[PDB]
Structures are given as structure tokens and as C-alpha cells.
Amino acid sequence: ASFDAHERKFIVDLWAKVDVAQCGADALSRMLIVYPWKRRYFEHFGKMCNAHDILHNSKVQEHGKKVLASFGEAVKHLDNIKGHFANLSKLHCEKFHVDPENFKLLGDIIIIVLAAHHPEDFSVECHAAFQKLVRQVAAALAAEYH
Amino acid sequence: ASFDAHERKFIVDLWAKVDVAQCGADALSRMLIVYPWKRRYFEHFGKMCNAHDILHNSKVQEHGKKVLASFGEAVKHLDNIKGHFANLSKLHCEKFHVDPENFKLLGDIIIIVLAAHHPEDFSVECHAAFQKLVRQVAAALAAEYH
Amino acid sequence: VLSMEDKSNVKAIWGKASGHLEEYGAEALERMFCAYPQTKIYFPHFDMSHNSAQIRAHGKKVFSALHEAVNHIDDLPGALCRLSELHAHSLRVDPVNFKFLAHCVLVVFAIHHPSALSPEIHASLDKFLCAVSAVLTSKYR
Amino acid sequence: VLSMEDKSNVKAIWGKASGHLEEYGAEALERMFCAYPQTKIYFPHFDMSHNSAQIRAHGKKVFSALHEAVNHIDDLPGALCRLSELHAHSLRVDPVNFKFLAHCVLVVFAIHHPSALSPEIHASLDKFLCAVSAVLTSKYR
Ligand code: HEM
Ligand code: HEM
Ligand code: HEM
Ligand code: HEM
């Protein structure tokens, strides 16, 4: 569904406060720690035996910065999330072979990283707004799966 | 994705052979037996304590006929599955409150009922064609979920 | 399938919530109702206002149950037997709803204890909440 | 969580597949590769032609493993220990793939034994295949 004015406000005002490099590194590290099968999709980044190896992988830290920068482009295209994400959807499907159930697992890790960095801004209502965003973005990345 | 000519042929030629009343009754009964939480969505049909009660519920048998007749309208709108199913998607979301993960569970029961009624027609290739159809129909019924 | 280290991890993060079972439980429920409003069909009779008597009382029962689970983390099935009967057999709660509540429980620990919910700790707590959910959905019949 | 009746049901439908482990296993795999082609990334080295030596040999190992599971249906975790290590730890098979294979196993019994795979029997076999999948995904680390 469309975002209403109150949802848009929560999303836009919070995102302005987010350190996307730090949050992005954190979210990518946590998904590879919490859901270890996801390591198979990145076996070209090296060392991913254990959490210590993941937190000290410079390739994981940098890739996490680029995933969150890209997710944060949703916030400038709230109207057009599906259309904006279509090529990335295609690349995930065709080039990286990622199973689309995984997109919702990362959406939930991003909500946990935001909660832990901005605990006063992440009210009940704000979290509801972000949860809708993350669900739209996971669906847009799943959409070109054929 | 689009259906190719070979997929369309498998779908159209099999469906012409299907008894939709019998198959439909069977598929609905099996989902309420195999996934018992689904009984909560139909608690207005009566008696659904056990499998014997479900197989002897005239309301379950009749509703199963109408679900499979409706799914079989996909076969005449292979081009336009999402658009054709949009209102039903809305009714499921708004009126019946059905969780959209359940649509893929029924798609898989329908594949099992077709396999058991038409075992010679349900080749490896035919099953691949039907599996794509059932996945498109579950996605179209999930689409108006907002 | 919870390791010894997972168990020590869960016991330590859980210790933070001691003294706070009602408050943390009330919040986990308000977040579940607001972020996933389809879960409200299970609670027709509830005042859904913020800090309603009912939501606080239910938040407390939920978290007290989860606290007992931590104290019997080697026998979840026996510690959660009655509750599995209730959820799966009497309420017929659709299984996807246990993932939402589990997620909202993580968010509550991240807001209140962000430094304590490190990546390895998060991984343990998440394994415990999946284990709890799998017991509560194990009695559908 | 498999009842006594579930266990008797599984043992009886499984008896039908005896004498046919290679053939039924080969078919379950061909259906998985054709209906869910994303599963083929796990088998780069395989001739994917119909009835290839490799797919038959793998179909047999898979179904023989499932046959042992039926014969030790009271201790799935110990009967499937090594295989869980292999799938979860060494191959890192994404967990969604176990649902596909489980589904294709049901389709193979429906095609060959349609009258024997009644609604109650289907419900039992489906519970057994979920139980088997949950052991094989229990060792991700
Ligand atoms: C919010 C969800 C996601 C977003 C916005 C996202 C975005 C991106 C972006 C922007 C890239 C870079 C692509 C390029 O440079 O052309 C990428 C690459 C990749 N993503 Fe994702 N991604 C997401 C979720 C996931 C998930 C859940 C997985 C796997 C579990 C995954 C696996 C990959 C892989 C394997 C690559 C290629 C890795 C590399 O060589 O850099 N992504 N993704
Ligand atoms: C192929 C998937 C499905 C199709 C094509 C389908 C189709 C239909 C149709 C045609 C109706 C009749 C609606 C009307 O008369 O206006 C209906 C009603 C209903 N469906 Fe579905 N359905 C599907 C899946 C499901 C699933 C998975 C559930 C629940 C687990 C569900 C629950 C319901 C309920 C509760 C009703 C209303 C029952 C009644 O009073 O008749 N449906 N569906
Ligand atoms: C960690 C997961 C869960 C735990 C530990 C839990 C625990 C409990 C407990 C302790 C009770 C009260 C039982 C009693 O008073 O005898 C209860 C009741 C109930 N639970 Fe859950 N629950 C969980 C998840 C859920 C979920 C996901 C739903 C639905 C979305 C749900 C819906 C209910 C309902 C409707 C009741 C009855 C409420 C009432 O009668 O006022 N629970 N649960
Ligand atoms: C009922 C479920 C499953 C059973 C019982 C099973 C059983 C087995 C067995 C017995 C082996 C051979 C182990 C050995 O030779 O030591 C094996 C290997 C393997 N399995 Fe599975 N498996 C299952 C599901 C899957 C799924 C869902 C996937 C991927 C989609 C998968 C991918 C593999 C691969 C890639 C190998 C190695 C194949 C090879 O090296 O040639 N398995 N499995």
C-alpha cells in the first residue's frame, strides 16, 4: 500500500539520522552470523568460518555499506519501490541465484540494527512504518523471479 | 514468466481431462487434514474435529468444488493471472483474513491430487508446467495484501 | 541443537530482562499488534490502547512463560507442554504468527540492551526463540 | 510428535516403495530438478539427462537414507546425524530446498500408489518428511 503522510514522516526523519556505512556493515555481518547458510552465496569474500572471521572480513564490511546505501534509495522512491528495484531483482535471481525467502530475513536484521542505534526514535509507530518499508523492499527484490 | 507453447500445451491438455468437482473436494479436504490450523478460517462450516468429520462435511465438499473451478479459470487467462485474481486477493485479505503463506500450501496439495488422478499425463515436464502455474496463482492471490 | 555456549548466552541476555517482564512483555505485544496488525484477530476482546491493563497482563504472562523456558532450556517440550496444547489445538494459531512475536521480542532487547545484544548473542537468542516456537506449533491435530 | 498411528502409517506406505528405492528416488530427483531448477546449482558435476547413471545413483542413496529413517523413526536425530553435518555444515544447503524435495517425494508416492496415499496417510508421510528435514537443517553453524 501507499505510505501515508505519518509513515513517510517517520521513514524520512529517521533515515536522515542513520549512519549507513556503520549500520550496513553491522546488518550484513549479523545476517551471516545468524543465518549461516547465507555464507554460501558469498563464498568469494573469503574467510567465513565463524563470527570472528565475519566481523573482520573487509569485503563483508564494504559490501554491507553498499547494500544499505541501496536499500536507502527506497526512501527517495517510496511511491515506486518495485519499479526502482527491478534490475537488482534480476541480478539477484540470474547472477547470484539467491533464494527470495532470504530477503525478508535481512529486512528483519535491518530493523534490529536500527532499533539498537536509534532506540528513542524507534517508537512503536516508527517500527510499524519501517516494517512496512522493509516488506515492500523484500517484495520488490523478489519480483523479477521467474 | 510467460508460459511457452510447450507449457501452455501441457496445462491446457491436462485440465481438459480433470474432474473439477471431485478434484476440488479432494484438495480442500486434504489441506484441512494435512495443515490443521487452516480449520480456523472455516470454523463456520461446522464439524472439523478430525479427518472423518472433514471428509463428511457437505460444506467442505462444495466449497472445494468452487475453489478448483476458480483456479481453473487461470487456465483461460495464462497471460493475465495476476490481474484476473485481484479481487479474490482482496477478499482473502480483507474479508477472510487468510495469511498469504497458506496459498502455496494449497498449490502443492492440488499438484498431489492431479498426480494421483492422472498419473500417466503428469510426466516430469507436465509437473514442471503445473508447478509454475500454481506458483503464479498463489502469488496473484497474495498480491493485494497491504 | 542449542549448544552449551548458546545456553550460556541466552541465560545472560535473559538476566537483563529480570525485573522487567511486564514492561518488556507489554512492549513486545504492542509492537506485534502495530507492525503486524493481522495478529489482532486472535485478541478480539482486548483493549488495544497503549499500556491497557489487558496488554500488560498478557505481556507479563507471555514473558513469564519465556522465563521458565530459559530456566528449563534442556527440556523445552516438557516445560511448554500445556501451552502447545493451547496454541495449536485449542486456538489453532496459524504458525507464521510465532515468527512475528519472536522478531518483536528481539527488537525489545535491541532497544533496551543494545550493547548486550551483540551478533553472537543475537544468534543464540534467535535460536532459543525458534526452539520455543517449534514446541508451540508441534501439536496441531 | 509423530504419533503411534502416524508411525504405523508411514511404515505401511513406505513398504510399497521397497523394491523400488532407486526408481522412486531417481524420479523424485528428476522432478525436483525440473520443477524447481534453482536446486541444480548444488549439483554442478551431474549429468542431468533423464535416467543418467549419476541421478539414479543419487536417487538410490537418498531413498536408502529415508528408508533407514523409517526404520529408526523414534530417533531421527541419531539416525541422520552424519547427513545433517554434511548438508548444513559442509554443503550449506539453503533450508528452503528441503521443502521442495519433500514435496517431490509426495508426488512420487501419489503417482505410483494413489489409493494407498489417502488423506490420513498423506498427513502422516508429510509429518515424517518435515521431521527428516528439520534434522537435516539442525546443524547450521
Ligand atoms: C535489502 C535487501 C538487499 C539489497 C538492497 C541488496 C542489494 C545489493 C546490492 C546493491 C548489490 C550489489 C550489486 C552490484 O554491485 O551490482 C548486491 C549484491 C549481492 N547480494 Fe544483495 N541485497 C539484498 C539482499 C541480499 C540477500 C538477502 C543476499 C543473500 C542472502 C544477497 C546476496 C547478494 C550477493 C551474493 C551479491 C553479490 C555479491 C558481490 O560479489 O558483491 N543480497 N546486493
Ligand atoms: C488456489 C487458491 C485459492 C483459490 C483459487 C481460492 C478461491 C476462493 C474462492 C473462489 C472463494 C469463494 C469466494 C466467494 O464466494 O466470494 C474462496 C473463499 C474462501 N477461501 Fe479461498 N481460495 C484459495 C485458497 C484459500 C486458502 C489457502 C484459504 C485458507 C487457508 C482460503 C480460505 C477461504 C475462505 C475462508 C473463504 C470463505 C469461505 C466461505 O465462507 O465460503 N482460500 N476462496
Ligand atoms: C513465545 C510465544 C508465545 C508464548 C510464550 C505465549 C504464551 C502464552 C501464554 C502464557 C498464554 C496465557 C495462557 C494462560 O493464561 O493459560 C497465552 C495465551 C494466548 N496466546 Fe500466546 N504465546 C505466544 C505466542 C502467541 C502468538 C504468536 C499468538 C497469536 C498471534 C498468541 C495468541 C495467544 C492468545 C489469543 C492467547 C489467549 C489470550 C487470552 O485468552 O486472553 N500467542 N500465550
Ligand atoms: C530427504 C532429504 C535429503 C536426504 C535424505 C538426502 C540424503 C543425501 C545423501 C544420502 C547424500 C549422499 C551422502 C553420501 O554419499 O555420503 C546426499 C548428498 C547430497 N545432497 Fe542430499 N539429501 C536430501 C536433501 C537434499 C537437498 C534438498 C539438496 C539440495 C537441493 C541436497 C543436496 C545434496 C548434495 C549436493 C549432495 C552431494 C551430492 C554429491 O556429492 O554428488 N540434498 N544427500
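Whatever order the structure lists them in is the order used to number ligands and atoms, beginning at 1. Throughout, a chain's letter reflects where its sequence line sits, starting with A, and its residues are numbered from 1.
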**Asked** Out of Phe71(B), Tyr35(B), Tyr41(B), whose heavy atom sits nearest atom 35 (C) of ligand 2?
**Response** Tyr41(B)
**Nearest heavy atoms of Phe98(D) and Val93(D), plus distance in Å** = CE1-CG1, 3.6 Å
**Message:** Quick check on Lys47(B): does its NZ atom have over 12 non-hydrogen neighbours (other residues, nucleotides or ligands) under 6.0 Å away?
**Reply:** yes
**Asked** Atoms of ligand 3 less than 4.0 Å from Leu86(C) heavy atoms?
**Response** 13 (C)
**Prompt:** Numbering the atoms of ligand 2 from 1, which are under 4.0 Å from a heavy atom of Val98(B)?
**Reply:** 28 (C), 29 (C), 32 (C)
**Request:** Around atom 12 (C) of ligand 2, find the nearest protein heavy atom and jot down its residue, atom name and distance.
**Result:** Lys66(B) CD, 3.7 Å
**Prompt:** Should you measure from each heavy atom of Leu106(B), which atoms of ligand 2 turn up under 4.0 Å away?
**Reply:** 1 (C), 2 (C), 24 (C)
**Fill in**
Taking every heavy atom of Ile13(C) against every heavy atom of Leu117(C), the minimum-distance pair comes out as CD1-N, 4.3 Å
**Message:** Using a 4.0 Å cut-off to any heavy atom of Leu136(C), which atoms of ligand 3 qualify?
**Reply:** 2 (C), 3 (C), 4 (C)
**Request:** If you have a sec, work out which protein heavy atom is nearest atom 26 (C) of ligand 4 and how many Å separate them, to one decimal?
**Result:** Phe98(D) CE2, 4.2 Å
**Asked** Which one of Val135(C), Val105(C), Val96(C), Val62(C) has a non-hydrogen atom at the shortest distance from atom 5 (C) of ligand 3?
**Response** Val62(C)
**Fill in**
What one should report as the nearest heavy-atom pair of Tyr41(A) and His97(A) is CE2-O, 3.6 Å
**Electrostatic pair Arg31(D):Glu27(D) at N-O distance under 4.0 angstrom** = yes
**Asked** Side chains of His103(C) and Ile112(A): does their closest heavy-atom pair fall under 4.5 Å?
**Response** yes
**Request:** Look at atom 23 (C) of ligand 2 and find which of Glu101(B), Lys95(B), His92(B), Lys59(B) reaches it with the closest heavy atom.
**Result:** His92(B)
**Request:** Decide, yes or no, whether a salt bridge links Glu73(B) with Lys76(B) under the criterion of side-chain N to carboxylate O below 4.0 Å.
**Result:** no
**Asked** What protein heavy atom sits nearest atom 2 (C) of ligand 2, and how far away is it?
**Response** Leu141(B) CD1, 3.4 Å
**Prompt:** Does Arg82(D), backbone or side chain, put an N or O under 3.5 Å from an N or O of ligand 4?
**Reply:** yes
**Complete:** Restricting to heavy atoms, the pick from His44(B), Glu73(B), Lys104(B) nearest atom 38 (C) of ligand 2 would be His44(B)
**Request:** Measure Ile110(B) to ligand 2 on non-hydrogen atoms and call it side chain, backbone, both or neither using the 4.0 Å cut-off.
**Result:** neither
**Prompt:** Does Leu141(B) offer a backbone N or O that forms a donor-acceptor pair with the side chain of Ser89(B) under 3.5 Å?
**Reply:** yes
**Request:** Could you see which bit of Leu91(C) sits under 4.0 Å from ligand 3, with heavy atoms only: side chain, backbone, both or neither?
**Result:** side chain
**Complete:** In this structure, atom 6 (C) of ligand 2 is nearest to the protein heavy atom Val67(B) CG1, 3.8 Å
**Asked** Short list, please: which atoms of ligand 3 are under 4.0 Å from a heavy atom of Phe46(C)?
**Response** 41 (O)
**Prompt:** Under the 3.5 angstrom rule, does the side chain of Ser133(C) hit a backbone N or O of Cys130(C) as a donor-acceptor pair?
**Reply:** no
**Request:** Using 2.8 Å as a strict upper limit, say whether an N, O or S atom of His63(B) approaches atom 21 (Fe) of ligand 2 that closely.
**Result:** no
**Request:** Run the numbers on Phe45(B) and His63(B) for ring-ring contact (aromatic ring centres under 6.0 Å, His included), then give the verdict.
**Result:** CA-CA 10 Å; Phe45(B) 277 173; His63(B) 176 72; 5.4 Å; yes
**Request:** Say whether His45(D), considering both its backbone and side-chain N or O atoms, lies within less than 3.5 Å of an N or O atom on ligand 4.
**Result:** yes
**Request:** Is it possible for you to check whether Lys16(C) lies under 6.0 Å from the centre of the six-membered ring of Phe109(C), through NZ or CZ, and within 45° of that ring's axis?
**Result:** no
**Prompt:** Does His87(D) bring an N, O or S atom to under 2.8 Å of atom 21 (Fe) of ligand 4?
**Reply:** yes
**Message:** Which heavy atom of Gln54(D) sits nearest to which heavy atom of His45(D), and what is that distance?
**Reply:** NE2-O, 3.1 Å
**Request:** Could you check atom 11 (C) of ligand 4 against the protein and tell me its nearest heavy-atom contact, residue, atom and distance included?
**Result:** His58(D) CE1, 3.9 Å
**Which residue and heavy atom of the protein sit nearest atom 28 (C) of ligand 4, plus the separation** = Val93(D) CG1, 4.1 Å
**Asked** Short list, please: which atoms of ligand 4 are under 4.0 Å from a heavy atom of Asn97(D)?
**Response** 27 (C), 30 (C)
**Message:** Tell me the contacting part of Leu101(D) for ligand 4: side chain, backbone, both, or neither, using a 4.0 Å heavy-atom threshold, strictly below.
**Reply:** side chain
**Request:** Test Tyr42(D) against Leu91(D) for side-chain contact (heavy atoms from CB on, under 4.5 Å), laying out the working first.
**Result:** CA-CA 8 Å; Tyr42(D) 290 101; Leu91(D) 300 169; 5.5 Å; no
**Prompt:** What's the shortest distance from atom 9 (C) of ligand 4 to any protein heavy atom, and which residue and atom give it?
**Reply:** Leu83(D) CD1, 4.0 Å
**Asked** Which residue owns the protein heavy atom closest to atom 33 (C) of ligand 4, what's the atom, and how far is it?
**Response** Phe43(D) CZ, 3.6 Å
**Asked** Considering all heavy atoms of both residues, which atom of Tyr36(C) and which atom of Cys104(C) are nearest to each other, and what is their separation?
**Response** CE1-SG, 4.0 Å
**Prompt:** Within a radius of less than 6.0 Å around NE2 of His146(B), do more than 12 heavy atoms belonging to other residues, nucleotides or ligands occur?
**Reply:** yes
**Prompt:** Relative to the heavy atoms of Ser70(B), which atoms of ligand 2 are at a distance of less than 4.0 Å?
**Reply:** 5 (C), 7 (C), 10 (C)
**Message:** To check your reading of the model: name the closest protein heavy atom to atom 32 (C) of ligand 2, its residue, and the distance in Å.
**Reply:** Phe42(B) CZ, 3.3 Å
**Item:** For atom 27 (C) of ligand 2, the protein heavy atom that lies nearest, with its residue and separation
**Value:** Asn102(B) O, 3.6 Å
**Prompt:** Heavy atom of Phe100(D) under 4.0 Å from ligand 4?
**Reply:** no
**Item:** Presence of salt bridge, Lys38(B) and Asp94(C), under 4.0 angstrom
**Value:** no
**Request:** For ligand 2, note which part of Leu88(B) has a heavy atom under 4.0 Å away: side chain, backbone, both or neither.
**Result:** side chain
**Request:** Give the minimum heavy-atom separation between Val105(C) and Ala28(C), together with the two atoms involved.
**Result:** CG2-CB, 4.1 Å
**Request:** Record the part of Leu129(D) in heavy-atom contact with ligand 4 below 4.0 Å; permitted values are side chain, backbone, both and neither.
**Result:** neither
**Item:** Closest protein heavy atom (residue, atom, distance) for atom 15 (O) of ligand 4
**Value:** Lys61(D) CD, 3.9 Å
**Item:** atom 16 (O) of ligand 2 [closest protein heavy-atom partner, distance rounded to 0.1 Å]
**Value:** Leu91(B) CD2, 3.3 Å
**Request:** Apply the side-chain contact (heavy atoms from CB on, under 4.5 Å) test between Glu30(C) and each candidate in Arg56(C), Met48(C), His50(C); give the one that qualifies.
**Result:** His50(C)
**Prompt:** Which of the atoms in ligand 2, numbered in the order shown and given with their element, are less than 4.0 Å from a heavy-atom of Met31(B)?
**Reply:** 30 (C)
**Check ion pair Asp108(A)-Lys104(A) (N to O, under 4.0 angstrom)** = no
